[PDB]
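J.: model.cif is the file, holding mmCIF, C-alpha atoms and all ligand atoms:
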data_model
loop_
_atom_site.label_atom_id
_atom_site.label_comp_id
_atom_site.auth_asym_id
_atom_site.auth_seq_id
_atom_site.Cartn_x
_atom_site.Cartn_y
_atom_site.Cartn_z
CA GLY A 23 9.07 -6.35 -76.82
CA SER A 24 10.83 -9.31 -75.17
CA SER A 25 13.69 -9.28 -77.69
CA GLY A 26 14.45 -5.54 -77.46
CA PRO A 27 17.63 -4.37 -75.68
CA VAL A 28 16.62 -2.93 -72.23
CA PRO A 29 16.32 0.90 -72.39
CA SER A 30 18.75 3.28 -70.59
CA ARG A 31 18.61 6.98 -69.55
CA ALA A 32 21.55 9.26 -68.61
CA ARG A 33 21.76 9.53 -64.80
CA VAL A 34 22.45 13.30 -65.16
CA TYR A 35 21.39 16.17 -67.46
CA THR A 36 18.73 13.74 -68.66
CA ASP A 37 16.01 16.14 -69.96
CA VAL A 38 18.09 19.30 -70.65
CA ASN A 39 17.38 19.36 -74.44
CA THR A 40 13.64 18.51 -73.96
CA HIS A 41 13.24 21.84 -72.06
CA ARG A 42 15.25 23.98 -74.54
CA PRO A 43 13.67 25.77 -77.52
CA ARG A 44 13.63 23.40 -80.51
CA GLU A 45 16.13 25.61 -82.42
CA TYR A 46 18.83 24.74 -79.79
CA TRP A 47 18.99 21.01 -80.80
CA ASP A 48 17.33 21.04 -84.27
CA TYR A 49 20.62 21.54 -86.19
CA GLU A 50 19.01 20.45 -89.52
CA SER A 51 16.98 23.74 -89.35
CA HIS A 52 20.19 25.82 -88.75
CA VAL A 53 21.06 28.46 -91.43
CA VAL A 54 24.75 29.41 -92.09
CA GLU A 55 25.60 33.09 -92.83
CA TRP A 56 28.94 32.61 -94.72
CA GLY A 57 31.96 34.80 -93.92
CA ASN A 58 34.57 35.99 -96.44
CA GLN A 59 37.01 33.20 -97.40
CA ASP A 60 39.45 35.98 -98.63
CA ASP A 61 39.98 36.99 -94.94
CA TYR A 62 42.15 33.82 -94.49
CA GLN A 63 45.52 32.87 -95.99
CA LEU A 64 47.08 29.45 -95.16
CA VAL A 65 50.56 29.57 -93.53
CA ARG A 66 51.27 25.91 -92.55
CA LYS A 67 49.59 22.47 -92.47
CA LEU A 68 48.72 21.25 -88.89
CA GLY A 69 46.66 18.00 -89.36
CA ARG A 70 44.76 15.86 -91.98
CA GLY A 71 42.02 13.18 -91.56
CA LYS A 72 39.30 11.29 -93.51
CA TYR A 73 36.99 14.32 -92.75
CA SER A 74 39.33 17.38 -92.80
CA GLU A 75 42.62 19.11 -93.61
CA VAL A 76 43.70 21.63 -90.92
CA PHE A 77 45.97 24.67 -91.44
CA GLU A 78 47.44 27.46 -89.44
CA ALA A 79 46.24 30.65 -91.20
CA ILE A 80 46.39 34.45 -90.88
CA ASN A 81 43.26 36.56 -90.76
CA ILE A 82 44.56 39.37 -93.09
CA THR A 83 41.80 41.74 -91.74
CA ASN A 84 43.42 41.81 -88.24
CA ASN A 85 46.79 39.94 -88.59
CA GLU A 86 45.40 37.25 -86.16
CA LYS A 87 46.74 33.66 -86.26
CA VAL A 88 43.77 31.25 -86.69
CA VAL A 89 43.14 27.60 -87.60
CA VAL A 90 41.11 26.63 -90.68
CA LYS A 91 39.39 23.20 -90.72
CA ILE A 92 38.74 22.36 -94.41
CA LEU A 93 35.91 19.77 -94.35
CA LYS A 94 36.19 16.71 -96.69
CA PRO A 95 32.87 15.86 -98.41
CA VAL A 96 30.13 14.70 -95.94
CA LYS A 97 26.32 15.26 -95.80
CA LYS A 98 25.39 18.97 -95.34
CA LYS A 99 23.46 17.71 -92.22
CA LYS A 100 26.73 16.76 -90.43
CA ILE A 101 28.28 20.18 -91.23
CA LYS A 102 25.28 21.96 -89.61
CA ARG A 103 25.57 19.65 -86.56
CA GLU A 104 29.25 20.53 -85.88
CA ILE A 105 28.54 24.28 -86.44
CA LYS A 106 25.40 24.30 -84.23
CA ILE A 107 27.17 22.43 -81.41
CA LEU A 108 30.20 24.79 -81.58
CA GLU A 109 27.86 27.86 -81.47
CA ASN A 110 25.82 26.34 -78.58
CA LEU A 111 28.99 25.65 -76.54
CA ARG A 112 30.99 28.79 -77.52
CA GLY A 113 32.45 30.63 -74.50
CA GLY A 114 32.17 27.56 -72.24
CA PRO A 115 35.08 26.35 -70.11
CA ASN A 116 37.91 24.92 -72.26
CA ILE A 117 35.69 24.67 -75.38
CA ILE A 118 37.41 25.66 -78.66
CA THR A 119 36.04 28.92 -80.08
CA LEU A 120 34.53 28.87 -83.59
CA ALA A 121 35.43 32.29 -85.15
CA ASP A 122 33.98 32.06 -88.70
CA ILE A 123 32.44 29.74 -91.35
CA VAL A 124 33.55 30.13 -95.02
CA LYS A 125 33.26 28.23 -98.36
CA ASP A 126 35.34 27.88 -101.58
CA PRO A 127 33.18 29.60 -104.27
CA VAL A 128 34.69 27.21 -106.92
CA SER A 129 34.71 23.75 -105.16
CA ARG A 130 31.94 24.75 -102.59
CA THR A 131 34.18 23.11 -99.90
CA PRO A 132 33.13 24.60 -96.50
CA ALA A 133 35.68 25.45 -93.80
CA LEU A 134 35.48 26.23 -90.05
CA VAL A 135 37.77 28.94 -88.68
CA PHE A 136 38.87 28.50 -85.06
CA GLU A 137 40.89 30.04 -82.26
CA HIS A 138 44.49 28.80 -82.71
CA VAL A 139 45.97 26.61 -79.94
CA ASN A 140 49.77 26.15 -79.90
CA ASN A 141 49.54 22.38 -79.30
CA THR A 142 52.36 19.99 -78.40
CA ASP A 143 51.85 16.51 -80.01
CA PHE A 144 50.71 14.16 -77.20
CA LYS A 145 53.41 11.64 -78.33
CA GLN A 146 56.01 14.29 -77.18
CA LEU A 147 54.05 16.04 -74.37
CA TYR A 148 52.45 13.25 -72.30
CA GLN A 149 55.76 11.46 -71.48
CA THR A 150 57.04 14.80 -69.90
CA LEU A 151 54.02 15.45 -67.64
CA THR A 152 54.41 15.32 -63.84
CA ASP A 153 51.79 13.62 -61.56
CA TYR A 154 50.53 17.19 -60.82
CA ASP A 155 50.37 18.06 -64.58
CA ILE A 156 48.26 14.92 -65.35
CA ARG A 157 45.79 15.74 -62.54
CA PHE A 158 45.71 19.40 -63.71
CA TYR A 159 44.94 18.63 -67.37
CA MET A 160 42.47 15.83 -66.52
CA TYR A 161 40.61 18.43 -64.37
CA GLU A 162 40.60 20.89 -67.32
CA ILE A 163 39.13 18.17 -69.65
CA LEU A 164 36.45 17.43 -66.98
CA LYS A 165 35.45 21.15 -66.93
CA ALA A 166 34.81 20.92 -70.75
CA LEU A 167 32.92 17.59 -70.47
CA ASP A 168 30.74 18.64 -67.48
CA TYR A 169 30.03 21.83 -69.47
CA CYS A 170 29.11 20.10 -72.75
CA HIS A 171 27.11 17.35 -70.94
CA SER A 172 25.27 20.08 -68.93
CA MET A 173 24.48 21.67 -72.34
CA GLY A 174 22.93 18.36 -73.60
CA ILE A 175 25.91 17.41 -75.83
CA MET A 176 27.96 14.20 -75.95
CA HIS A 177 31.45 14.67 -77.54
CA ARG A 178 31.74 11.00 -78.75
CA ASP A 179 35.42 11.37 -79.86
CA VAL A 180 37.40 12.03 -76.64
CA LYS A 181 41.08 11.18 -77.38
CA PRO A 182 44.47 12.94 -77.26
CA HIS A 183 44.36 14.28 -80.86
CA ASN A 184 41.06 16.07 -79.98
CA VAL A 185 42.60 17.70 -76.84
CA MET A 186 44.75 20.77 -77.67
CA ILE A 187 47.25 21.82 -74.99
CA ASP A 188 49.28 25.04 -75.03
CA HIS A 189 51.66 23.80 -72.35
CA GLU A 190 53.49 27.18 -72.02
CA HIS A 191 50.15 28.61 -70.75
CA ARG A 192 48.70 25.39 -69.13
CA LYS A 193 45.81 26.10 -71.58
CA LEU A 194 43.62 23.17 -72.71
CA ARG A 195 40.90 23.18 -75.37
CA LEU A 196 38.56 20.27 -76.22
CA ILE A 197 38.29 20.41 -80.05
CA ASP A 198 36.67 18.30 -82.83
CA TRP A 199 32.87 18.43 -82.28
CA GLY A 200 32.20 16.79 -85.70
CA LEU A 201 30.93 13.52 -84.13
CA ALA A 202 29.22 15.26 -81.17
CA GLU A 203 25.48 14.80 -80.76
CA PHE A 204 22.52 16.08 -78.78
CA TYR A 205 21.44 13.72 -75.99
CA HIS A 206 17.68 12.95 -76.11
CA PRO A 207 16.42 10.34 -73.62
CA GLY A 208 15.43 7.08 -75.36
CA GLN A 209 17.22 8.01 -78.61
CA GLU A 210 19.22 5.23 -80.33
CA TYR A 211 22.56 6.47 -81.63
CA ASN A 212 25.06 5.17 -84.18
CA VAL A 213 27.66 2.93 -82.41
CA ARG A 214 30.21 3.62 -85.20
CA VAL A 215 31.53 6.72 -83.36
CA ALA A 216 34.67 7.67 -81.35
CA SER A 217 38.03 6.05 -82.24
CA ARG A 218 38.66 2.27 -81.76
CA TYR A 219 41.02 2.50 -78.72
CA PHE A 220 38.64 4.94 -76.93
CA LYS A 221 35.34 3.23 -77.87
CA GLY A 222 33.23 2.33 -74.82
CA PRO A 223 31.99 -1.27 -74.35
CA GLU A 224 28.44 -0.02 -75.27
CA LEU A 225 29.73 0.74 -78.81
CA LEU A 226 31.64 -2.55 -79.07
CA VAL A 227 28.60 -4.70 -78.04
CA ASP A 228 26.29 -2.54 -80.27
CA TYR A 229 24.16 -0.95 -77.46
CA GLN A 230 22.60 2.14 -79.14
CA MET A 231 20.82 3.87 -76.20
CA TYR A 232 24.02 5.35 -74.76
CA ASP A 233 24.65 8.82 -73.32
CA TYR A 234 27.26 11.30 -71.96
CA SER A 235 28.86 8.41 -70.00
CA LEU A 236 30.50 7.24 -73.31
CA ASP A 237 32.91 10.24 -72.98
CA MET A 238 33.88 9.10 -69.46
CA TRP A 239 35.04 5.65 -70.76
CA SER A 240 37.17 7.51 -73.39
CA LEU A 241 38.62 9.78 -70.67
CA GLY A 242 39.52 6.68 -68.62
CA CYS A 243 41.42 5.27 -71.64
CA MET A 244 43.33 8.57 -71.82
CA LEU A 245 44.07 8.57 -68.08
CA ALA A 246 45.31 4.89 -68.20
CA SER A 247 47.58 5.61 -71.19
CA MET A 248 48.99 8.67 -69.31
CA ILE A 249 49.72 7.34 -65.77
CA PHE A 250 51.02 3.97 -67.08
CA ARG A 251 52.91 5.39 -70.13
CA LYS A 252 51.18 2.86 -72.44
CA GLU A 253 49.63 4.51 -75.55
CA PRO A 254 47.10 3.37 -76.49
CA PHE A 255 46.08 1.49 -73.31
CA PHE A 256 43.55 -0.87 -75.03
CA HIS A 257 45.27 -1.60 -78.39
CA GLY A 258 42.74 -3.69 -80.36
CA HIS A 259 43.34 -4.64 -84.03
CA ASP A 260 39.59 -4.21 -84.72
CA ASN A 261 36.28 -3.51 -82.87
CA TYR A 262 36.03 -7.20 -81.81
CA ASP A 263 39.69 -7.47 -80.62
CA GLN A 264 39.18 -4.09 -78.87
CA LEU A 265 36.63 -5.68 -76.47
CA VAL A 266 38.95 -8.71 -75.98
CA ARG A 267 41.82 -6.28 -75.02
CA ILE A 268 39.42 -4.64 -72.46
CA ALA A 269 38.14 -8.04 -71.16
CA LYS A 270 41.77 -9.25 -70.64
CA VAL A 271 42.19 -6.44 -68.02
CA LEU A 272 38.74 -5.78 -66.45
CA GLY A 273 37.76 -9.47 -66.72
CA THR A 274 34.68 -11.04 -68.36
CA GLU A 275 32.46 -11.46 -65.20
CA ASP A 276 31.42 -7.75 -65.17
CA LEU A 277 31.14 -7.82 -69.05
CA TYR A 278 28.69 -10.79 -69.06
CA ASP A 279 26.82 -9.15 -66.09
CA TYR A 280 26.60 -5.96 -68.29
CA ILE A 281 25.42 -7.87 -71.39
CA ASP A 282 22.82 -9.72 -69.20
CA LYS A 283 21.59 -6.49 -67.43
CA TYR A 284 20.72 -4.73 -70.77
CA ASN A 285 19.77 -7.98 -72.66
CA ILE A 286 22.49 -7.20 -75.25
CA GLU A 287 22.81 -9.77 -78.10
CA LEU A 288 26.59 -10.42 -78.28
CA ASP A 289 27.54 -10.66 -82.01
CA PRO A 290 28.26 -14.45 -82.03
CA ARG A 291 31.74 -13.84 -83.63
CA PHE A 292 32.76 -12.94 -80.00
CA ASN A 293 31.83 -16.61 -79.20
CA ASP A 294 35.38 -17.87 -80.19
CA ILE A 295 37.69 -14.87 -79.30
CA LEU A 296 36.39 -13.64 -75.85
CA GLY A 297 36.14 -16.69 -73.49
CA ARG A 298 36.47 -15.99 -69.75
CA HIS A 299 39.14 -13.70 -68.25
CA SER A 300 40.15 -12.90 -64.71
CA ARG A 301 39.88 -9.25 -63.60
CA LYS A 302 43.50 -8.05 -63.34
CA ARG A 303 44.61 -5.64 -60.60
CA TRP A 304 45.49 -2.11 -61.84
CA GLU A 305 48.91 -2.81 -60.18
CA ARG A 306 50.15 -5.08 -63.04
CA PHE A 307 50.82 -1.96 -65.19
CA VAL A 308 52.87 -0.05 -62.56
CA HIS A 309 56.66 -0.12 -63.09
CA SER A 310 59.91 1.81 -62.30
CA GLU A 311 59.35 4.26 -65.28
CA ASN A 312 55.69 5.16 -64.39
CA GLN A 313 55.38 4.57 -60.54
CA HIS A 314 55.81 8.35 -59.92
CA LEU A 315 52.53 8.94 -61.85
CA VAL A 316 50.56 6.23 -59.95
CA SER A 317 48.87 6.69 -56.54
CA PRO A 318 46.01 4.87 -54.74
CA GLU A 319 43.81 7.96 -55.63
CA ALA A 320 44.78 7.62 -59.36
CA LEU A 321 43.92 3.88 -59.51
CA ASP A 322 40.64 4.42 -57.59
CA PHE A 323 39.64 7.19 -60.05
CA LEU A 324 40.57 5.04 -63.08
CA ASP A 325 38.61 2.06 -61.67
CA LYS A 326 35.54 4.32 -61.35
CA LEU A 327 35.84 5.48 -65.00
CA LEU A 328 36.66 2.12 -66.64
CA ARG A 329 33.39 0.31 -65.85
CA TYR A 330 31.55 -1.79 -68.46
CA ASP A 331 28.19 -0.52 -67.19
CA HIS A 332 27.88 3.04 -68.58
CA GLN A 333 25.43 3.85 -65.70
CA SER A 334 28.07 2.89 -63.08
CA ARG A 335 30.83 5.26 -64.38
CA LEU A 336 31.61 8.56 -62.69
CA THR A 337 29.94 11.51 -64.38
CA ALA A 338 32.25 14.44 -65.30
CA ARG A 339 31.08 16.43 -62.20
CA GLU A 340 31.36 13.32 -59.91
CA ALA A 341 34.91 12.87 -61.28
CA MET A 342 35.72 16.53 -60.43
CA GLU A 343 34.84 15.67 -56.78
CA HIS A 344 37.31 12.68 -56.67
CA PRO A 345 40.25 12.77 -54.20
CA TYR A 346 42.71 12.55 -57.18
CA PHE A 347 41.91 16.27 -57.80
CA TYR A 348 42.18 17.57 -54.18
CA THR A 349 45.79 18.82 -54.87
CA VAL A 350 44.78 20.73 -58.09
CA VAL A 351 44.87 24.50 -57.21
CA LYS A 352 41.41 25.73 -58.44
CA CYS B 1 48.96 29.83 -105.16
CA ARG B 2 45.60 28.51 -103.77
CA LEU B 3 44.18 25.44 -101.87
CA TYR B 4 40.34 24.89 -101.69
CA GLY B 5 39.96 28.63 -102.48
CA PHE B 6 42.44 29.94 -99.85
CA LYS B 7 45.57 31.94 -100.85
CA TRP B 8 48.94 30.78 -99.45
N1 LIG C 1 42.24 25.06 -82.97
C1 LIG C 1 43.25 24.24 -83.28
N2 LIG C 1 44.50 24.60 -82.92
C2 LIG C 1 45.51 23.77 -83.23
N3 LIG C 1 45.47 22.60 -83.85
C3 LIG C 1 44.21 22.27 -84.19
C4 LIG C 1 43.08 23.02 -83.94
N4 LIG C 1 41.96 22.37 -84.44
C5 LIG C 1 42.42 21.27 -84.96
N5 LIG C 1 43.78 21.14 -84.84
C6 LIG C 1 44.60 20.03 -85.32
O1 LIG C 1 43.99 19.47 -86.46
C7 LIG C 1 43.61 18.10 -86.20
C8 LIG C 1 42.30 17.79 -86.89
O2 LIG C 1 41.28 18.69 -86.39
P1 LIG C 1 39.91 18.04 -85.87
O3 LIG C 1 38.95 19.13 -85.53
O4 LIG C 1 40.21 17.02 -84.83
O5 LIG C 1 39.40 17.30 -87.20
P2 LIG C 1 38.81 15.83 -87.50
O6 LIG C 1 37.35 15.87 -87.16
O7 LIG C 1 39.05 15.61 -88.97
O8 LIG C 1 39.60 14.88 -86.64
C9 LIG C 1 43.61 18.00 -84.67
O9 LIG C 1 43.77 16.66 -84.23
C10 LIG C 1 44.78 18.90 -84.31
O10 LIG C 1 46.02 18.26 -84.48
MG MG C 2 39.91 14.98 -84.56
MG MG C 3 36.37 14.73 -85.77
#
Let's see the structure in the file written out as structure tokens.
Ligand SMILES: Nc1ncnc2c1ncn2[C@@H]1O[C@H](COP(=O)(O)OP(=O)(O)O)[C@@H](O)[C@H]1O
Ligand SMILES: [Mg+2]
Ligand SMILES: [Mg+2]
T.:
Amino acid sequence: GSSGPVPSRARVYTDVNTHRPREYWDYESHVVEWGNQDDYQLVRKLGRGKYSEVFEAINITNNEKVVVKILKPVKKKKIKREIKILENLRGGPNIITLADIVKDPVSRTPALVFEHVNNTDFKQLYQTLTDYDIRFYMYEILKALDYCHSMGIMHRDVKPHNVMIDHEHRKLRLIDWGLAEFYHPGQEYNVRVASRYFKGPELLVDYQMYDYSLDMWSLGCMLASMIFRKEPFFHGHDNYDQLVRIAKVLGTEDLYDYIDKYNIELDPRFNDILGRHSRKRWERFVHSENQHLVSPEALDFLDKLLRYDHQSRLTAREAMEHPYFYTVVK
Amino acid sequence: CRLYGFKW
């Protein structure tokens, strides 16, 4: 009716899940065949979150180094979703490989076993990357995103900690599919996804009928942080300040135009913190320490990712066609 | 020595 938000459809891969067998997207129907937890012995801790503890492990059956993601308690439904998405996407370009699924017989805590990537913490790696290296790795992330989008899946948590890079090998893997979801046209999704600094404006203004283009806003945040050496690029103290930090750079004219296009009801607590902002030029962030990473092609690409209107952003495949990537040896 | 069922 007249008070609804205006509906939205993905511009690309719109109907791909509609035309699949139901079992492809119906993760609640998925059945796990448990492996043998005794195959895996923990060697070292790698990472810990609200949802998981992650270890380097040895598969004692083949002496292979693996990674074990011990899942903190969440609905069984969410565990099947991450597993089904990983199985659907397994073998795709730069997608992490799920190797096994096991459970503690005592605590019943389930665990995902993955391909190991010999990551370098982004807080060390990114400040060492050349202009070439940034274009190269951005192109590798786009191969994963065009792949997962083409497979009807939105990642919904694109950020450095979910991008594993074995820099020795120039090997990149997009990991963490625990917040990923199947794109169905017209479906309203939870806006409480992604991480604050990488949340798209659609999530911050509570627009639920979003799509793959969310991941392209996140990727823009990563690119900005990289080329300008400013991590994170949009550093909000909360979801509301996050949109103010965005609006202070991209300006409020295109934001209000976005809110008006989709008839979004702005939470009226924005009424006193947002105001009106000029659109700044991407050149205000360029300086002696980062100028070697910045080019007209880089700023043009970033401008085409960081758009309020999700429908206006480059898709992953349109991004792969951008002049910024012409120098990447393919 | 064990954590969530896994041997060290
Ligand atoms: N295959 C892997 N190889 C190396 N490190 C990994 C791997 N998978 C996860 N990690 C590390 O563990 C962290 C948490 O794993 P992730 O899947 O992102 O869990 P969560 O959903 O809890 O964020 C990652 O940010 C990364 O540092
Ligand atoms: Mg993660
Ligand atoms: Mg996650």
J.: Using CA of residue 307 (chain A) and CA of residue 324 (chain A) as the two end points, give the distance in Å to one decimal.
T.: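 CA of residue 307 (chain A) sits 12.6 Å away from CA of residue 324 (chain A).
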J.: Kindly provide, as a ChimeraX atom specification, the residues of chain B having any atom no farther than 6 Å from an atom of chain A, counting all atoms listed in the file.
T.: /B:4-8
J.: Which polymer residues have any atom within 12 Å of an atom of residue 303 (chain A), counting all atoms listed in the file, with same-chain residues fewer than 6 positions away left out, as a compact mmCIF listing (two decimals) with C-alpha atoms, in the coordinates of the input?
T.:
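The result, written out as around-v2.txt:
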# COMPACT_ATOMS: atom_id res chain seq x y z
CA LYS A 270 41.77 -9.25 -70.64
CA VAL A 271 42.19 -6.44 -68.02
CA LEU A 272 38.74 -5.78 -66.45
CA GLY A 273 37.76 -9.47 -66.72
CA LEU A 321 43.92 3.88 -59.51
CA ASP A 322 40.64 4.42 -57.59
CA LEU A 324 40.57 5.04 -63.08
CA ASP A 325 38.61 2.06 -61.67
J.: Select the residues contacting ligand MG 2 (chain C) at a distance of at most 9 Å, based on only C-alpha atoms and all ligand atoms, then format the selection as a list in words.
T.: residues 69, 70, 71, 73, 74, 179, 180, 181, 182, 183, 184, 185, 197, 198, 199 and 200 of chain A
J.: Figure out the distance between CA of residue 249 (chain A) and CA of residue 144 (chain A), please, to one decimal in Å.
T.: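 Calculated distance between CA of residue 144 (chain A) and CA of residue 249 (chain A) is 13.3 Å.
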J.: Distance CA of residue 216 (chain A)-CA of residue 300 (chain A), one decimal place?
T.: 27.0 Å
J.: Please identify all polymer residues within 10 Å of region 45-53 of chain A, counting all atoms listed in the file, omitting same-chain residues fewer than 4 positions from it, and present them as a ChimeraX atom specification.
T.: /A:39-41,98-107,109-110,173-175,203-206
J.: Which residues come within 9 Å of region 159-167 of chain A, counting all atoms listed in the file, excluding same-chain residues fewer than 2 positions away, as a ChimeraX atom specification?
T.: /A:114-117,154-157,169-172,175-177,185,187,192-196,234,237-238,241,245,338-339,341-342,347,350
J.: Considering all atoms listed in the file, state which residue in the set A:230, A:333, A:310, A:217 is at the smallest distance from ligand MG 3 (chain C).
T.: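 Of A:230, A:333, A:310, A:217, the one nearest ligand MG 3 (chain C) is A:217, counting all atoms listed in the file.
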J.: Could you give me region 143-168 of chain A completed to N, CA and C atoms, formatted as a compact mmCIF listing (two decimals), in the coordinates of the input?
T.:
# COMPACT_ATOMS: atom_id res chain seq x y z
N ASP A 143 52.25 17.91 -79.69
CA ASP A 143 51.85 16.51 -80.01
C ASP A 143 51.91 15.67 -78.74
N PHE A 144 50.84 14.95 -78.45
CA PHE A 144 50.71 14.16 -77.20
C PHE A 144 51.87 13.16 -77.11
N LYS A 145 52.34 12.67 -78.26
CA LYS A 145 53.41 11.64 -78.33
C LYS A 145 54.72 12.24 -77.82
N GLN A 146 54.89 13.58 -77.85
CA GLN A 146 56.01 14.29 -77.18
C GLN A 146 55.59 14.74 -75.77
N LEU A 147 54.41 15.33 -75.63
CA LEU A 147 54.05 16.04 -74.37
C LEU A 147 53.84 15.05 -73.22
N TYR A 148 53.03 14.02 -73.43
CA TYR A 148 52.45 13.25 -72.30
C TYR A 148 53.59 12.61 -71.52
N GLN A 149 54.67 12.21 -72.19
CA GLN A 149 55.76 11.46 -71.48
C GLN A 149 56.57 12.41 -70.57
N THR A 150 56.36 13.73 -70.67
CA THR A 150 57.04 14.80 -69.90
C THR A 150 56.21 15.26 -68.71
N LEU A 151 54.93 14.88 -68.65
CA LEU A 151 54.02 15.45 -67.64
C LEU A 151 54.35 14.90 -66.26
N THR A 152 54.31 15.76 -65.25
CA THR A 152 54.41 15.32 -63.84
C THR A 152 53.08 14.72 -63.37
N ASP A 153 53.06 14.08 -62.21
CA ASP A 153 51.79 13.62 -61.56
C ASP A 153 50.84 14.83 -61.43
N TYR A 154 51.32 15.95 -60.93
CA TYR A 154 50.53 17.19 -60.82
C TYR A 154 49.96 17.55 -62.19
N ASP A 155 50.81 17.61 -63.22
CA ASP A 155 50.37 18.06 -64.58
C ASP A 155 49.23 17.15 -65.09
N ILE A 156 49.30 15.85 -64.85
CA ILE A 156 48.26 14.92 -65.35
C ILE A 156 46.95 15.24 -64.63
N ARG A 157 47.00 15.37 -63.32
CA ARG A 157 45.79 15.74 -62.54
C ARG A 157 45.26 17.08 -63.02
N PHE A 158 46.12 18.07 -63.27
CA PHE A 158 45.71 19.40 -63.71
C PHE A 158 44.98 19.31 -65.05
N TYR A 159 45.58 18.67 -66.04
CA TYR A 159 44.94 18.63 -67.37
C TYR A 159 43.69 17.77 -67.39
N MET A 160 43.68 16.67 -66.62
CA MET A 160 42.47 15.83 -66.52
C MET A 160 41.34 16.70 -65.95
N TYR A 161 41.63 17.52 -64.95
CA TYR A 161 40.61 18.43 -64.37
C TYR A 161 40.13 19.44 -65.40
N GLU A 162 41.03 19.97 -66.24
CA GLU A 162 40.60 20.89 -67.32
C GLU A 162 39.70 20.15 -68.34
N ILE A 163 39.99 18.90 -68.70
CA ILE A 163 39.13 18.17 -69.65
C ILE A 163 37.77 18.00 -68.97
N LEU A 164 37.76 17.63 -67.70
CA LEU A 164 36.45 17.43 -66.98
C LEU A 164 35.62 18.72 -66.98
N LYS A 165 36.22 19.89 -66.88
CA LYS A 165 35.45 21.15 -66.93
C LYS A 165 34.74 21.23 -68.29
N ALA A 166 35.43 20.91 -69.40
CA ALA A 166 34.81 20.92 -70.75
C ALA A 166 33.69 19.89 -70.84
N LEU A 167 33.92 18.67 -70.36
CA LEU A 167 32.92 17.59 -70.47
C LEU A 167 31.71 17.90 -69.56
N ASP A 168 31.93 18.32 -68.32
CA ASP A 168 30.74 18.64 -67.48
C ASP A 168 29.97 19.76 -68.16
